[PDB]
Structures are given as structure tokens and as C-alpha cells.
Amino acid sequence: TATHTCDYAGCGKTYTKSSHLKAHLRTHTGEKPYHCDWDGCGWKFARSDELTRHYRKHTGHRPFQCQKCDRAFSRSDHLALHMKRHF
DNA sequence: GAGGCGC
DNA sequence: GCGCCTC
Ligand SMILES: [Zn+2]
Ligand SMILES: [Zn+2]
Ligand SMILES: [Zn+2]
């Protein structure tokens, strides 16, 4: 369905319309060209990795699974601090 | 938990 | 993207 891809560095966001890709491309500007697109958020980042990491707060994606319990985290550093509970 | 950023 | 500071 989505065939219109942003080719900006580290982005890859795809759109169903040329209309939408066009207006998205306008956001890649300034000191922080990685704008979170979550409704009402408004955060902006200098680096793509920072946006990717941030955006898990909105989706609840938690790929860092504790091997000693059923808890999971959005970030490696959070998992590493958690693991101290198993000492 | 989440943002900044050196690596 | 991890790991460390910082808030
Ligand atoms: Zn883009
Ligand atoms: Zn956001
Ligand atoms: Zn655990």
C-alpha cells in the first residue's frame, strides 16, 4: 500500500501518497531533522537513533527481555539496571 | 523512565 | 545502537 519512501539519512518512512512523503520531507531540516510524528508529541532529535529509541515510548516496544524473569525493556541500559535486582 | 551524546 | 551521565 505504501510505495513512496523518504530517502533521507536513517529515515526510511514510507507513505501511501506522494502528498504525504512531500510534506514529510520538509521536516528533515535544522538542528534536529528527526521529528517524532506521534500525534501531539512534538519531540525532535539530532540523530535517527535517538528518534527510534524515543518512539518505543509511544508503542511500548520492549525487545530487551530479561533472561531471569518475565520483565522486558525498551533499552539495553534499562535491562542492565533491572538485572541488579537478581543479585 | 527518558533525553543527550561519545563511542 | 550500547553504555554512561544526567535529570
Ligand atoms: Zn524521512
Ligand atoms: Zn514522540
Ligand atoms: Zn529480570
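Here is the naming used below: chain letters follow the sequence lines, and residue numbers restart at 1 for every chain.
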Pick out the pairs of N or O atoms, protein on one side and nucleotides 3-7 of chain C on the other, that lie under 3.5 Å.
residue : atom : partner : partner atom : Å
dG3(C)  : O6   : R53(A)  : NH1          : 3.4
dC4(C)  : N4   : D77(A)  : OD2          : 2.9

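Between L25(A) and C6(A), the closest heavy-atom pair is CD2-SG, 3.4 Å. The shortest non-hydrogen separation linking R47(A) to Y34(A) is C-CD1, 3.5 Å.
One atom, CZ of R85(A), and another, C1' of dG1(B), lie 13 Å apart when rounded to the nearest Å. Spacing between atom CG of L79(A) and atom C1' of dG1(B) amounts to 14 Å, rounded to whole angstrom units. If you take NE2 of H78(A) and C1' of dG1(C), they are 14 Å apart, rounded to a whole angstrom. Rounded to an integer number of Å, the gap from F64(A) CZ to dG1(B) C1' is 15 Å. Nucleotide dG4(B) holds its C1' atom 12 Å from the CD atom of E31(A), rounded to whole Å. For the pair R47(A) CZ and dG4(B) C1', the computed distance is 8 Å after rounding to whole Å. Whole-Å rounding puts the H58(A) NE2 to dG1(B) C1' distance at 13 Å. One interatomic measurement links the two molecules: CG of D49(A) to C1' of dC7(B), which rounds to 12 Å at whole-angstrom precision.
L21(A) CG to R26(A) CZ: the interatomic distance, rounded to the nearest 0.5 Å, is 10.5 Å. To the nearest 0.5 Å, atoms NE2 (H61(A)) and OG1 (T52(A)) are separated by 11.5 Å.
Remark: side-chain polar atoms of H4(A) are paired, donor with acceptor, to backbone N or O of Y15(A) under 3.5 angstrom.
Taking the side-chain contact (heavy atoms from CB on, under 4.5 Å) definition, one finds that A72(A) meets it with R62(A), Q65(A), sequence neighbours left out.
Every stem involving DNA chain C, taken as at least 3 paired positions in a row under the Watson-Crick or G-U wobble test at 3.5 Å, is listed here: B:1-7 with C:1-7.
The aromatic rings of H24(A) and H28(A) sit perpendicular to each other, their planes meeting at more than 60°, with 30° as the lower class boundary.
The six-membered or imidazole ring of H78(A) lies away from that of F64(A), with a centre-to-centre distance of 6.0 Å or more.
When heavy atoms are screened at a 4.0 angstrom cut-off, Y55(A) is found touching no nucleic acid atom at all.
At a threshold of 4.5 Å between non-hydrogen side-chain atoms, the residues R53(A) and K57(A) do not count as touching.
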